[PDB]
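Protein chains in written order, with the authors' numbering: chain A, 300 to 437; chain B, 940 to 1008, 1021 to 1064, 1078 to 1093, 1103 to 1152, 1189 to 1217, 1229 to 1314; chain C, 66 to 103; chain D, 465 to 515; chain E, 537 to 584; chain F, 597 to 680; chain G, 609 to 655, 677 to 680.
Each residue gets a CB set at the ideal place from its N, CA and C atoms; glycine is no exception.
Working notes for the structure below.
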Amino acid sequence: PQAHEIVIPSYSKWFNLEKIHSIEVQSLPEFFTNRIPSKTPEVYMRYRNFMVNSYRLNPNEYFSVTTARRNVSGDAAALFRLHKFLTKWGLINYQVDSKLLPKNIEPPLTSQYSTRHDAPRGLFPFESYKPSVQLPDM
Amino acid sequence: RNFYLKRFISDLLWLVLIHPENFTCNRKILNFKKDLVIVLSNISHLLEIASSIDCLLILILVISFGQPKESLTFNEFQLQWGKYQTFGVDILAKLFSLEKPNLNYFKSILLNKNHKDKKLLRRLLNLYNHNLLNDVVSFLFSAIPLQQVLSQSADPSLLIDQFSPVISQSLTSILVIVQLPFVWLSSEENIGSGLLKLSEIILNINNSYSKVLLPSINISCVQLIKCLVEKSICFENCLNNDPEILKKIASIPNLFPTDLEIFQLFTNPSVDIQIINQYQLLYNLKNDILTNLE
Amino acid sequence: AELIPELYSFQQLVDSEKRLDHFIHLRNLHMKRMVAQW
Amino acid sequence: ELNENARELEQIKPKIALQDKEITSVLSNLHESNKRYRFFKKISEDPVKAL
Amino acid sequence: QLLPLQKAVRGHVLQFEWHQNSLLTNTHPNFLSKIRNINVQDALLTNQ
Amino acid sequence: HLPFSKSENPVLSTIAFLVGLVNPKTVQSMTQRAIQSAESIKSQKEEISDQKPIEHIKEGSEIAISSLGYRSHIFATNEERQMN
Amino acid sequence: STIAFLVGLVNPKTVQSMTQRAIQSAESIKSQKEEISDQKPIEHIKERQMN
């Protein structure tokens, strides 16, 4: 079931609840040297998706690392590390507060799209004189 | 402490100077050199992790400025164009004051003429070809003279005077670091020393900005005596040169304030005790050289 | 700036007398220091 | 005599200034001509690509 | 009949990506080269 | 043009051969060593016997003479340049 | 071509710029043999670049 409108600070638009990215490993490598068998990318992803789901459930109100610690753990240390990490990356606890505005209007508006000088791809505002017709066209 | 920032500085240097061509506009290179030396100016504390390479880099960076053409290799800069050549010596003082047994020591090894790093170092010195730090001396000898002593007054001096003293400071400091096979002497119809006339200028100013004047003149005198005696004793220890050196030393118009000036000095200001001692010992060495010459 | 007195950096140095008039200018600077100190 | 020497040095100065003006002029002309020669020889190389 | 549409949205995304290659090469502002001289504080700091 | 089927509008004129001849005459190489020249009409006989492409051969020859005249003026000009 | 590689801009047209509009038909070998002939004519009419 889905019952909320979830936004994220766009630059984060590299994260995918399905997969992992070179970003986080360079920020949390301690699950990837394959040295500590009790840790693995897999349990990492488990924790990850679990927590993000939790937050996305009722994101209007905050979510603590202590919460997850109560819920599931294999460690406090790494748990906190990654939790605060995602916090930084706003994937979690980002919409804890709401802010609004009346937004008065100005001459530029999103529904304004007219004919005017253009920086984009080519366009020809002057077509052809008379003698151009003088060609054995295709 | 932004170990990251320092790594950045280091490798950026290692590129900009050893630059296989990937940079488009030389002006970009100038920009890099320029804002780099500036941001250096705003540092007044430690540097030189994995030092030696970085130390040589910074030296080449400051040496970037000033017109080249033994003897002094640097035409003194006609001070109406540049302002970075300033920043150069500014840093070579500030970021070099730390007598901690690292930086000074790195340059001291630069007197000479993972582990592969060491291979690199000498690799560049012979790739800069004797000695080299004489070039640093010559560079330091720029922006001071030949314009203020050639002006119409001593007031417009004070501006660049404020700038001047750190230079002499740097110089005498590095002369603590020269006390082995060399050939060095740097008063050979190359600068003379208007330092005496300059000292006279600041003196007349005294009895007629501030807070820098007395130290400037003092260290100027100390510089004179120390470089003199060090040259003499050095080529004594080597003894590769005829005693003509004395005669040679005795043959400078820019030297040895006249004893009449000493006398008249000894009377009027009476506010320069330490400076009086400076000139005193100076004249002492002068008269000594005169005597023991014969 | 440096542009104003000279620009001689490299011109292919065809008929490289530029070194010579260079030296001339250098000795002019020499004479300049000379007269100043005189 | 020092005053005399200063006076005659000042006497000769403006001629030097004029010569410096001429220097600047001929230098700029040299510079333009250099540009032109570079252009032209590059044309000499293989006019297709240069064009 | 659809062609102009693809051309249009193409131009949209094209200008969009092109915008990324703009890093103020267009201009060359001053970068606060404040230190005309090093002030008194610099020298006295060196001595101190 | 030929690299541009879009050509300048015309009903009776002369454009390409015009500039062709301008550059040609400019060459002044009265003994221009190039594509076959004239010493006996048999040269033209064999040329026509060889001239069988629609225009491509002709075009190559044209641009060749173009480049030639350029090169000549270039040499002379750059000589004057070094002189200056 | 001239237009086929330029739009919303163009070389002016009062001089012999149509040389551009005839940009290439044998570029490499053409220009090569042209340089051959150029150096050849140089050496021929020739019989250091100063007097």
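What residues of chain E sit near residue 1235/B, judged by a beta carbon separation below 7 Å? The residue given as residue 1235/B occupies position 215 in the second sequence. Those within 7 Å of residue 1235/B in chain E are 583.
Alpha carbon to alpha carbon, how far is residue 1293/B from residue 1116/B? Give it in angstroms, no decimals. Along the second sequence, one-based indexing puts residue 1116/B at 143. Along the second sequence, one-based indexing puts residue 1293/B at 273. Whole-angstrom Cα-Cα distance: 29 Å.
State the Cα-Cα distance for the pair residue 1035/B and residue 1135/B, rounded to the nearest angstrom. On the second sequence, residue 1035/B is found 84 positions in, with the first residue counted as 1. On the second sequence, residue 1135/B is found 162 positions in, with the first residue counted as 1. Cα-Cα distance, rounded: 16 Å.
Buried or exposed by the 16-neighbour rule on C-beta atoms within 10 Å, applied to residue 471/D: Indexing the fourth sequence from 1 puts residue 471/D at position 7. Residue environment analysis places residue 471/D among the exposed positions, since fewer than 16 neighbouring C-beta atoms fall within 10 angstroms of its C-beta.
What residues in the segment 417 to 436 of chain A have a beta carbon less than 8 Å from any beta carbon of chain F? 430, 431, 433 and 434
Between residue 389/A and residue 307/A, which are expected to be in contact by the criterion C-beta below 8 Å, what is the C-beta distance as a whole number of angstroms? Reading the first sequence from its first residue, position 90 is the one you call residue 389/A. Reading the first sequence from its first residue, position 8 is the one you call residue 307/A. Their Cβ separation, rounded to whole angstroms, is 7 Å, which keeps residue 389/A and residue 307/A in contact under 8 Å.
Closer than 9 Å by beta-carbon distance: list the chain A residues that pair up with residue 619/F, in chain order. Counted from its first residue, the sixth sequence places residue 619/F at position 23. Those within 9 Å of residue 619/F in chain A number zero; the least Cβ separation is about 28 Å.
Cβ of residue 980/B within 7 Å of Cβ of residue 1041/B? In the second sequence, counting from the first residue as 1, residue 980/B sits at position 41. In the second sequence, counting from the first residue as 1, residue 1041/B sits at position 90. In contact: residue 980/B and residue 1041/B (Cβ atoms closer than 7 Å).
Is residue 372/A close to the ligand ADP? I mean its beta-carbon at under 6 Å from any heavy atom of the ligand. Among the ligands in the structure shown, none appear at all, so the ligand ADP cannot be discussed.
With a 10 Å radius around its C-beta and 16 neighbouring C-beta atoms as the bar for buried, classify residue 1027/B as buried or exposed. Indexing the second sequence from 1 puts residue 1027/B at position 76. Residue 1027/B is buried by the Cβ-count criterion.
Helix, strand or coil, according to DSSP, for residue 1007/B in the structure here? As a working note, residue 1007/B is residue 68 in the second sequence. Strand.
Our contact map puts residue 511/D next to residue 666/F with C-beta atoms below 8 Å; I'd like the distance itself, whole angstroms only. As a position in the fourth sequence, residue 511/D is number 47, starting the count at 1. As a position in the sixth sequence, residue 666/F is number 70, starting the count at 1. Yes, residue 511/D and residue 666/F are in contact; Cβ-Cβ is about 5 Å, under 8 Å.
Measure the alpha-carbon distance for residue 551/E versus residue 309/A and round it to whole angstroms. Taking the fifth sequence and counting its residues from 1, one reaches residue 551/E at position 15. Taking the first sequence and counting its residues from 1, one reaches residue 309/A at position 10. Rounded to the nearest angstrom, the two C-alpha atoms are 20 Å apart.
What in chain J is Cβ-close to residue 677/G, meaning under 7 Å? Absence of chain J from the displayed structure is noted, the protein chains being A, B, C, D, E, F and G.
Please list, in chain order, the residues of the segment 619 to 638 of chain G that have any C-beta partner in chain D closer than 9 Å. 627, 628, 631, 632, 635, 636 and 638
Would a C-beta distance cut-off of 7 Å place residue 1238/B and residue 1298/B closer than the cut-off? As a working mapping, residue 1238/B is identified with position 218 in the second sequence. As a working mapping, residue 1298/B is identified with position 278 in the second sequence. Yes, the Cβ-Cβ distance between residue 1238/B and residue 1298/B is below 7 Å.
Can you confirm whether residue 1136/B, when its beta carbon is compared against all beta carbons of chain E, has any partner nearer than 7 Å? As a position in the second sequence, residue 1136/B is number 163, starting the count at 1. Output row for residue 1136/B: interface = yes.
Below-7 Å beta-carbon distance, residue 484/D vs any chain G residue: Residue numbering aside, residue 484/D sits at position 20 when the fourth sequence is read from its first letter. No, residue 484/D does not count as interfacial toward chain G.
Checking contacts by CB at 7 Å: is residue 102/C closer than that to chain D? Here residue 102/C is taken as the residue at index 37 of the third sequence, counted from 1. Chain D contact via Cβ: absent.
I'd like to know whether the C-beta of residue 573/E is nearer than 7 Å to at least one C-beta of chain B. Position 37 of the fifth sequence, counting from 1, holds the residue named residue 573/E. Interface residue, yes.
Shorter than 7 Å from the beta carbon of residue 1032/B to some beta carbon of chain C? Translated into the one-based positions of the second sequence, residue 1032/B becomes position 81. Yes, its Cβ sits closer than 7 Å to a Cβ of chain C.
Tell me whether residue 373/A is buried or exposed, calling it buried when 16 or more other Cβ atoms sit within 10 Å of its Cβ. Start at 1 with the first residue of the first sequence, and residue 373/A comes out as number 74. Looking at its Cβ environment, which holds fewer than 16 other Cβ atoms inside 10 Å, residue 373/A is exposed.
If we count Cβ pairs, one from each stretch, closer than 8 Å, do we get three or more for the segment 621 to 639 of chain F versus the segment 656 to 670 of chain F? A contact exists between the segment 621 to 639 of chain F and the segment 656 to 670 of chain F.
Backbone CA spacing between residue 648/G and residue 628/F [nearest angstrom]: Within the seventh sequence, the letter at position 40 stands for residue 648/G. Within the sixth sequence, the letter at position 32 stands for residue 628/F. Their backbone Cα atoms lie some 9 Å apart in a straight line.
Those residues which DSSP pairs with residue 318/A across a bridge: Residue mapping note: residue 318/A aligns to position 19 of the first sequence, counting from 1. In the DSSP output, where bridge partners are listed per residue, residue 318/A has 315/A.
From what residue to what residue does the alpha helix (DSSP H) around residue 609/F run? Locating residue 609/F in the sixth sequence gives position 13, counting from the first residue. From DSSP, residue 609/F is part of no alpha helix (DSSP H); its letter is neither H nor E.
Within its chain, find whatever has a CB closer than 8 Å to the CB of residue 1255/B; leave out the 5 residues flanking it on each side and keep chain order. Numbered from 1 along the second sequence, position 235 holds the residue referred to as residue 1255/B. The residues are 1194, 1261 and 1265.
In chain order, what residues of the same chain have a beta carbon less than 7 Å from the beta carbon of residue 1242/B, not counting five sequence neighbours either side? Mapped onto the second sequence, residue 1242/B falls at position 222. 1145 and 1298.
Host alpha helix (DSSP H) of residue 481/D (start-end): In the fourth sequence, residue 481/D corresponds to position 17, counting from 1. Taken as a continuous stretch (DSSP letters only), the alpha helix (DSSP H) holding residue 481/D covers 466 to 509.
Assuming residue 988/B and residue 956/B are in contact, meaning their beta carbons sit under 8 Å apart, how far apart are those beta carbons, in whole angstroms? One-based indexing of the second sequence puts residue 988/B at position 49. One-based indexing of the second sequence puts residue 956/B at position 17. The Cβ separation is near 18 Å, so there is no contact.
Once DSSP output is grouped into helix, strand and coil, what is the label at residue 619/F? The count along the sixth sequence starts at 1 and reaches residue 619/F at position 23. Three-state result, residue 619/F: helix.
Validate contact between the segment 965 to 975 of chain B and the segment 424 to 435 of chain A using beta carbons, cut 8 Å, 3 pairs: Fewer than three pairs of CB atoms, one per stretch, sit closer than 8 Å, so the segment 965 to 975 of chain B makes no contact with the segment 424 to 435 of chain A.
Is residue 955/B close to chain E, meaning its C-beta is less than 7 Å from at least one C-beta of that chain? If you number the second sequence from 1, residue 955/B lands on position 16. Output row for residue 955/B: interface = no.
If contacts are defined as beta-carbon pairs under 8 Å, then residue 1127/B and residue 1210/B qualify, I think. What distance do you get, rounded to the angstrom? Taking the second sequence and counting its residues from 1, one reaches residue 1127/B at position 154. Taking the second sequence and counting its residues from 1, one reaches residue 1210/B at position 201. 5 Å between Cβ atoms; contact.
Going by DSSP in three states, residue 1026/B sits in which element: helix, strand or coil? Residue mapping note: residue 1026/B aligns to position 75 of the second sequence, counting from 1. Note: residue 1026/B maps to strand in three-state DSSP.
Residue range of the alpha helix (DSSP H) that includes residue 1313/B: In the second sequence, counting from the first residue as 1, residue 1313/B sits at position 293. Note, residue 1313/B: alpha helix (DSSP H), 1293 to 1313.
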